[PDB]
Structures are given as C-alpha cells and as structure tokens.
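Residue numbers (the authors' numbering), protein chains in the order written: chain AN, 43 to 231; chain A2, 43 to 231; chain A1, 43 to 231; chain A6, 43 to 231; chain AA, 43 to 231; chain AO, 43 to 231. Note that beta-carbon positions come from the ideal geometry of N, C-alpha and C, so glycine has one too. What follows is a short report on a single structure.
Number of protein chains: 6
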Amino acid sequence: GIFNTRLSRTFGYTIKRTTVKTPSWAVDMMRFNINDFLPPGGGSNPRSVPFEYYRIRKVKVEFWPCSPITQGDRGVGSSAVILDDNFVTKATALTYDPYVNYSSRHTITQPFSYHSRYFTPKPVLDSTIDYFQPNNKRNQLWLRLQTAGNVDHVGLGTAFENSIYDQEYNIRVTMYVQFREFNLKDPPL
Amino acid sequence: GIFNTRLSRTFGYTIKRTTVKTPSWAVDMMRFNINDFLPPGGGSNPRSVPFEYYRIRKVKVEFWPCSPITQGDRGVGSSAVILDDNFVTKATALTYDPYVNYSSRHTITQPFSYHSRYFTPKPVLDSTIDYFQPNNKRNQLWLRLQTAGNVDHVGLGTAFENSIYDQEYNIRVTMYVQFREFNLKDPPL
Amino acid sequence: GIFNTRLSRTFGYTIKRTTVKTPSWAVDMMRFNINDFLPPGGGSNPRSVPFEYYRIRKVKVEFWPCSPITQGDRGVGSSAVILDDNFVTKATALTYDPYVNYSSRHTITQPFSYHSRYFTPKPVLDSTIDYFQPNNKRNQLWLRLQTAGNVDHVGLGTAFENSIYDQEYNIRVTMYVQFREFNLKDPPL
Amino acid sequence: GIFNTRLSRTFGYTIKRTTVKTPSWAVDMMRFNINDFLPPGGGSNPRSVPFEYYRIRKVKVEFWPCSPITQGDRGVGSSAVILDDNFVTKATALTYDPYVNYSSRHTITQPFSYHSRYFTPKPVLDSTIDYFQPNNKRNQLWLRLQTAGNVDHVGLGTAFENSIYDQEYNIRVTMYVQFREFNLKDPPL
Amino acid sequence: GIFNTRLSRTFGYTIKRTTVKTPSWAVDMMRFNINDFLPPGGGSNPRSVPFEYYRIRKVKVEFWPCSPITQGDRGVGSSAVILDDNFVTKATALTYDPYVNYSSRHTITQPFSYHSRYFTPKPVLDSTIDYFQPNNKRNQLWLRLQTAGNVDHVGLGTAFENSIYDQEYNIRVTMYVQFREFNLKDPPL
Amino acid sequence: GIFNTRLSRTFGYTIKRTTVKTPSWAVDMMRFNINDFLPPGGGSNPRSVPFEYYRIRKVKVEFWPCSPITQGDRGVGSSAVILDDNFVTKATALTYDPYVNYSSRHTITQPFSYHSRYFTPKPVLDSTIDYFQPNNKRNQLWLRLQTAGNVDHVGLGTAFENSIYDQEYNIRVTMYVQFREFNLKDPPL
C-alpha cells in the first residue's frame, strides 16, 4: 500500500544581536519528528493519514529569511548533516565555526540569502550507541506511524555568525515520506 | 496528487419467508454513498483520508451468503446495473423477475451460492433528468470529497426468488476510488 | 553452516457463539516464538537442533477447520499481516471488521473453508519504536537461537465473524527457518 | 532431508618405552562408533542431531603428536585401511611391521611428524562373514541413528616402531556424515 | 569523508601449567573495543583521529607465540567466530574442545606455531536479543566514534589444550576501520 | 598513507576610513601557516590529525564581506600571488596600486562584492634566497607536520582602495592538504 507524499511546516528562528567585536558564531541544532507534521486524527483512526508504517526518504530544510537586502554587518556560517543525536553543544557566541571543516558542509551566506539542504535523515534507535544505516532505498527500515510517540529523526546542525542586527529567519522543513499498509477503519453510523 | 485505494464495508440483507406457492420474486435496489466508507475525521482535516476530490472507478458488490448447502427450496434470481436513480419499485412478492431481460443481467444462483458484480457506477447529478456519461477513464468527472453530503453513486438492483426458508446474506461492497489534491493540514501544538 | 529446515505445530482456536443479530466480528492476533517449535535439548547442547543462529524466512499459517459442510449461519472475515507488535485490540463482538481495508488482506471464508497465509514475519527488536526491515533475503538479520528467551516474531491478525454456532478451528503454523554455525558438543563418556 | 555435517573428537594414544635393541613395532587398531561423536539428547528426541538415518562418507584420522622436534631414537611405522573387523593382533613388541606390505599403506614418520588418513570406512554388518560393499556414493547403505547401539564402523590399523622414549600422540578423528529424515519432535509446554 | 585505516595493539595471553594427565582444554573469549585502539584526544577534538563515525570491516587476530621450537608436550586447539556476545563459558581444564565442531573452526597448532584469523566482527546492539546482520560491505551499519563508551565488537573464542609447560603468547589484534565525516575543530590561539 | 583533506579558518580584516580625496590604496599581505589550522593534540600524539608529513596543494582564499549593497564610495583593488616571502611594503594610503600590473592579478571589486583566489602556495625554505619550485603535483616536496614550528607557506598580497567608510571583511582561508604516514600511537590504559 505504498504512497509517497510530502509534508511541510514553517517555524521561526531568531538570532539576537551582540556587542562583541570579534567574529562570534551561534550554534543550534535541528530535529525532525513527524508528530509535528501529522496532526492527531479522530475516532478509530489514530492519525490523519490512514497508514501504519512510514520511512522518511529526504528532507528539504529551507532558511527563508526575513532580513532585507540593505542590511549591513553581513557574515558567513555553515550547515552540516549530523545523523547521530549528538550535535555540537548549543552556544550563543562561540569563537569558531565548528561546522566549518565538516565534510557535509554547505556555506550559509547571510543575512538575506537563501539556503536549502536536501538530505536523507536517520532515526534515533539507541541514543547510547547512536547507530544508523547507509543510504539504500531498497533496504531502508520501516518505522511505525505511532499514535503519540513517533521517534525523532535527525540530521542537521547550523552555525550562524552573530551580528549587530537581529537576523530573523523563517524555516520551512519539507519532508518526503513513504507510507505503507493502508489501515483505514469504517465503523457504522 | 493521485492515490488509488480500496474501501469496503459489510452489511446484511435478509429475505423473509413466504407462504405462497408460485415463483414469487422480491426486489430491492442498492445505492453507493462514500460517507458510509469514509468516517468523519478530526480537527482541521474533515475526513479520514486527506484529499479534496474523488472519482469512483469500479465497485465489486459481493453477496456472501449465510445459508447452508443442505438448504432446500432453491431458486433463481437476477442482478442488473441501474445507473439512473430510478429502479424497479421495491416489492415483496412480485409475480415476475423484472431484471430477467435486462442486458446487464447476471444470474443469481440461490440460496447458498456466491455472486459478484464488478462495474463502474455513475453519480446522481440531476434526479429529474438522470443523465450520466459513458465509461471513459480519462474524461471521467472529478467530484468533491464533501464533509457531510457526498452524492449517492448508483448502479445495482436485484431480484431474489422468495422461498419457504429465510435467505440471509452478508453483502460486502468493495469500492475502488481515485483521489487527488492531498490537502492535509498541520496546525501547531 | 547453513541448513534450511521446516518446523510445525498444531494448536486450537475456538470462537464461542453469540446471541446478537447484527454482523459482529471477533478479533484475535497471532505471535510466532520459536521456543514453541524447538524443545529444550539436554546436556552441553541447549536446544534440540545444534546451531547458534537463525532467521525465519517464511511462515505458512493454516486454518484447518473442525466445522462440517452442513453448518449454517456462514459469514466472512479477514486476515492481515501486522509486523509491528501492535495489533487491533482483542474484541469479542466488534461492529466492524477492522482488517477489511488493510492492503495485506485476504478473505476468510467461513466456517468450513480453508485459509492459508504465507508471508515473511519480522522480529520485535524494540516494542516502543516497533521498527523492522524490508524483505531482502541477502541482508536479513541473523538472530541468536537463545536458550530460554528467543524473541517473538510477529505478522498475523484475524477477524472472524461471529455466529450462532461455535466455529472451532485447528491451526497449523508451519515455519521455514535458516540456521547457521553448527555448534554441536561432544563430551566424553 | 539431507544434511551433510562434520563431527570430531580428540583422544590420546601413548606408546610406552622399551629396553629392546632391535627394531620392534607396536600394533594397535582403531574403530569408529558414532555414539562417541553424538551425545544422547533429551526428552522426545533421542540424540542431539534430529535425524533418523546416517551414512559415514569419509573419515580424516589425524595423529597430532606431543613429541618435540629435538627427540632422538626416531623410527618408521605404517598405517593401513582394514575394513573387516579383523585386524592384526594387538602386540607390544613385534619383530616386524605387518602393515608394511599392505596396498593401503602410508608411511608413519615418527616421533614428531604429522600423519593424516582420509578414507571411506565400512560398517560391521556380520562379524562372521565380514562383508562390505565398494565405494559408490549413490548406492551407499543408509544406517539408523540408533539410541544406544549404533554399529561400529571400521577401517584403520597402525604399527608404531617402539623407542627408548615414550611416544605420546593426540589423535583427532574427524568424521564426515550425511543424515536424512529430519525427525524433530515438539511436545507442548 | 571516507578514510580507511588500520589500527593495532599487542597484549599478552598466558596459559598456566597443569598436573592432569588427560587432554584438558582451556577456554577464553576475546572482545574488540575501539577505545583500546584510539587514545583520547585533547581539547575540542575528543579522540585522536578527527572523525565522527566508524565501521569495522575486518579484524586480523594474530597469536604470536613466545614458546620455543624445542618445547615438548605439544597439543591441538581450536578458534571459532562468535558474533553474539555469548561465548562458551570460561574454563581452566575442560574435558573437551567445545569449538571443535564449529563451522568457523580453524585449528590451533601449539605451542610454538603461528595462527591468524581474519574475519568481519559484528557489534553488540542488544545483549538480550543478540542480533547482527550479514556481511554486506555496502549496507553495513555506521556507528558513532563515541568519547568514552564505544560499543564492544565481538567475534572470536579460543580453546587451548593445556600442558605441563606454560604456553605464553603475544596477541596482536590488527583492526581495519572505515571512518567518515571529518570533524576537526580549530579554535584560535 | 595518503589522505587528502580540507581545512578552514575565518578571521577578520578591517580597512579604516580616510579623509584624503585622491584614490589611495591600502596594502597588506597574507601568510599561511598550518599551526593555525591544526590544533595541538594530546598525549603521545602531538597534533590532532595523526600523520607525519604534509604538502599543501591548493588554497582558496575568500573575502566574504560585511559591507551592505547600499554602501557608496566604491572603488577597485587588486590581489596577486607572491610566492617568495617578500611582499610590497605594508601601507595605509599609497598613491598607486602596486599589484595592478602583476601577471597574477585578479581585480577586487569593492566594497560589497565577493572575491576568491585559488592557487598553489609555496613554502619558505630560505628567507634570504627565497627559492621555490614549479607546480608539479608528482614532484612536490613533502614537509614535516611539526609540533610547534611548522613553516609559513606564502602566496597572496592585496591592495584595497581606501574610502570614506570602513570596509570590513571576513576572510575564510580554505586549505587543501595531503598527508602521509599515519603515525597514530596507542599506549595502554
């Protein structure tokens, strides 16, 4: 009962200003849970989409800015792919860009520029061991479309160079999902 | 956003006994509404399946009996395809089988035999004019997956020969549907 | 040390009668543990078959009935494939057949008819996350042939339409297994 | 239900010293019973390996020594293939090597050298007549994997030249077996 | 950021003498953790090698002896591949070689001979279920190069025949690793 | 033990304002030492990356600005490649652009434009003679990854036209390195 679909949600991300003169970077991670994309259903069907299982193929993270083109004190940052539930520690003003040498780096031009990241995230099966599997579309694991406790997929962490001005963004996380086993119910009345 | 799926529901159909000696037939129609197949959803999504439109391709009506093989006073009936919202009048003991000369006839062996009917129903757009369109899979009309008032598709009418014994059936109406325009909502929290 | 073999066991399943008139279905799941198929061995060898690991390829569930052909009040049910340790809740008289729209459905003709289900079950590695892997015969996981705690494989759930008469069955669960690493011991005397 | 497997066991063989000056040989036979390789099972299954029949294809006898390389008073011996349950009589100090002219001879270099013998043994069906059959893999007899009385296969006899020093060996008898008719039991509980 | 490399470490293994006359074997397992191969780093980089993940491809265990060629009371042992965190119990003088019939056996010639074992170990993800995956180089799991708690890979167990003399060995465990995601840090000053 | 990798670091470069009316240029050089890219390691391993030697293949210098697009008093500059440890003298307001006629010139559009320079630097082996070798990837010299005194590679010098407004930049020096002779240590405990 395969059905590939697409899901999206928009949320905000703000970077407060600073007084420091040096190039100081701010670090924040990003997690992907499907409870934020699928609302809870009603009645005999738990969730909105009538299916049992799912597996997330790709995720297009998009940093739609809110900063004008005439804004000064530009900078430069970095976004990586972190597939293990253990990011670099959250920081407000870090003296270096930790995601600058990562092999999965893609530069973040700031403040008014666009930045997209299309990748295959991996679930969190054991936070202690933090094991995942390679990208194989045929042998990818199927997970259950739980009712209230779907597991957190993972795979992005950022580093934004601070500035004198508030860098406000609007982030759209488009998710590409593959379901299976159409399990719709149909009680009478 | 095409997604072909399948829907089903089981309901009962009983044919009370008679005292008449002649071959007397009992006539009853059958209508197909999708509100009986899709439950109402919850929240910002009206129905269970997150789509806007639909068009019913085929319908496999199945007369799963409840009558044993050792049951006497067998008979013979007929099932037709009636695509116009105007069936033969419901009757308890009719002296003839009105659906015996219809071109869409398929014999109903009774009481303990199986009978399936796979056909393409047509919606009811004007009960007065009762117009429908031919079977063309490319130019078939798209209807809206309404919230509480989806229109009645139509296309089967039966004629069961009465008997001394109660002929009880269990009827499974399997529906083959084609949706479009995935319209899932996702409010926060 | 590969050795494909076959294992089987027969157990009973009874469906008590009812007084209700409506079509009411009874729901019950089915789990597959290999401790029920392999007895405990003796001495330095823990189990009967001298091997370390195993992986269950296929499972042929068979509903051999005990109901005669002359039995009335027939019905119709459904059997699905549920690979996640979370079935539909057990029920005695449910007003609908929850496994009627599942994509892995195969109709159960009742009461005196045969019904077989051949599929590839999946183990239960995390009851919370309930993750499994696709069907790939080359990359399938090897599990350990434990001594007292082998994990529960899963993958069938049924829905039997109740009746006035007791529908008794005899269920044969034939399991197709693949072992490895012949680990026989041989102490003296 | 064919399953070719391998079985092994290690036991010791010691050759006490002598005072005689001449070249004096010591003769000892070797028998192969499968009760020494398969332990007794437990419960409804008699033996460890769940099968009914067997036929021994080959046997790799190995004389793993325990004598150092710096050991003097070396010698020379002989190992033959004796398929009839009637070896040369056991002797402590025999003035000749009886297995020196046998057509199945293979020289035993002593004391610290390795010696392997790979051959097809024959069972003992009648100790009086002592008849066996040729080596044909297709028409070889199937024997029953008895519970306590499996018959003695046969086929090796040795002749070790005595010495002033104790020649100690460790003998590994690797057996290559072919079973059939998987007969595993499975009582409940 | 793939980088195949090699890691090694040497440790000792001693087998104390005995007074028993029979062939008595001593059993001891072997585990492979990468904390013993990678030291802890310094500063913003946790470990020596700047990477995030790893997966162990192969492991060449080597039993470099310390026993001279002129040493008597030789013997014979066995080494197997045990991929499940459940070895045969450690024993000082066991009356049989439990790893003598294992399909992954390779004979250990003793005391002064060399013995190498090249195989693909498997991690320990659940000690209770003890599940692993087959050898596929493309779909092998990536694990995280943790800071203090890397998981124990597994896959060798031995059986050494005891002797009158102390059999001392020096064991070199060469590990072949594949890293990914170069994560080097570079704070100023 | 070849391993090509990439290293990066971000630092700032500010050009204070002026009161002069003429086109006045400001000159500043740029040196490349690898101690700024590799931190010091810990323990038996001196540096982070476990290798002995290195040779820098290419260097992508990037002038990521901090100046808005709406900034007036634009200008024009020049960046050259200076492979000899003897740049044009540092100057605050020079009446000419000395790097305007250099054959390795590439124009610097100012203030808000991007400027990248990808070239092969050369080490400083003798500051007096200032000799280097041509670009040949096969015969390039290997240098030692020293502990505290790695030699200064060289190869860029700039000329920025002064302005009434402060031209602030953020400079990212991406370095492409080739190591050899994996020299990781592994003391016990």
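Neighbouring residues, chain B, relative to residue i (Cβ below 7 Å)
i: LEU187 (chain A2); result: Here the protein chains are AN, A2, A1, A6, AA and AO, and chain B is not one of them.
Cβ shell of residue i (< 6 Å), same chain only, five flanking positions each side left out
i: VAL123 (chain AA); result: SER146, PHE161, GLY197
i: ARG222 (chain AO); result: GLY43, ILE44, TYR95
i: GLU104 (chain AA); result: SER158, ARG214
i: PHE202 (chain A6); result: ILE57, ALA68, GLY119
i: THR151 (chain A2); result: none
i: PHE174 (chain AN); result: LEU125, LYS164
i: residue 234 (chain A1); result: With chain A1 running from 43 to 231 in the structure shown, residue 234 (chain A1) is simply not present.
i: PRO140 (chain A1); result: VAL130
C-beta contact flag for residue i and residue j at 7 Å
i: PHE53 (chain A1); j: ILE206 (chain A1); result: no
i: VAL142 (chain AO); j: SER120 (chain AO); result: yes
i: residue 1 (chain AA); j: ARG59 (chain AA); result: Since the first residue shown for chain AA is 43 and the last is 231, residue 1 (chain AA) is missing from the structure and cannot be characterised.
i: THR47 (chain AA); j: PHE224 (chain AO); result: yes
i: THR200 (chain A2); j: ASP70 (chain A2); result: yes
i: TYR144 (chain AA); j: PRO229 (chain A1); result: no
i: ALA135 (chain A1); j: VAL62 (chain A1); result: yes
i: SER66 (chain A2); j: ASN204 (chain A2); result: yes
Within chain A1, partners of residue i - CB distance below 9 Å
i: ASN143 (chain AA); result: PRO92, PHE224, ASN225, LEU226, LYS227, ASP228
Cut-off 8 Å between Cβ atoms - residues of its own chain near residue i, not counting five sequence neighbours on either side
i: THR189 (chain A2); result: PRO82, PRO88, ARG89
i: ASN75 (chain AA); result: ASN192, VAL193, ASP194, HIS195
i: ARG73 (chain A1); result: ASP194, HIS195, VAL196
i: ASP172 (chain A1); result: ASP126, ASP127, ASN128, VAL166
i: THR131 (chain AA); result: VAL69
i: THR64 (chain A1); result: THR137
Contacting residues, own chain, Cβ-Cβ under 7 Å from residue i (five flanking each side not counted)
i: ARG97 (chain AN); result: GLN182, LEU183, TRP184, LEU185, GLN220
i: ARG51 (chain AN); result: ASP78, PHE79, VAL215
i: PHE154 (chain AA); result: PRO107, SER109, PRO110, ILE111, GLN113
i: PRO92 (chain AO); result: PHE224, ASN225, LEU226
i: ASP208 (chain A6); result: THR56, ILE57, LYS58, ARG59
i: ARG116 (chain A6); result: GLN152, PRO153
Chain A1 residues whose Cβ lies nearer than 8 Å to that of residue i
i: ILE111 (chain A2); result: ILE111, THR112
Proximal residues of chain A6, C-beta to C-beta of residue i below 7 Å
i: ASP139 (chain AA); result: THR52
Chain-ordered chain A6 contacts of residue i [CB-CB under 9 Å]
i: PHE45 (chain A1); result: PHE45, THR47
Partner residues on chain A1 for residue i, Cβ-Cβ distance less than 7 Å
i: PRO107 (chain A2); result: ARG116
Chain-ordered chain AN contacts of residue i [CB-CB under 7 Å]
i: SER146 (chain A1); result: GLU223
Contact list for the region 116–137 of chain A1 against chain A2, Cβ threshold 7 Å: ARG116, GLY117, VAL118
Complete runs of the beta strand (DSSP E) confined to the region 65–107 of chain AA [at least 3 residues]: Runs of the beta strand (DSSP E) lying entirely within the region 65–107 of chain AA and spanning at least 3 residues, in chain order: 67–74, 95–107.
Near-chain AN residues of the region 162–187 of chain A1 (beta-carbon distance less than 8 Å), N- to C-terminal order: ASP168, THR170, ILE171, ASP172, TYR173, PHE174, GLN175, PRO176, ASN178, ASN181
Where the region 69–97 of chain AN meets chain AO: residues whose CB sits under 8 Å from a CB there: none
Interfacial residues, the region 201–218 of chain AN to chain AA, with Cβ spacing under 9 Å: none
Where the region 189–200 of chain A1 meets chain AA: residues whose CB sits under 8 Å from a CB there: Result list: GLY191, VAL193.
Ranges of the beta strand (DSSP E) found wholly within the region 106–149 of chain AA, counting only runs of at least 3: Listed in chain order, the complete beta strand (DSSP E) runs (minimum 3 residues) inside the region 106–149 of chain AA are 118–122, 133–136.
Inside the region 138–218 of chain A6 only - alpha helix (DSSP H) runs reaching at least 4 residues: Listed in chain order, there is nothing to give.
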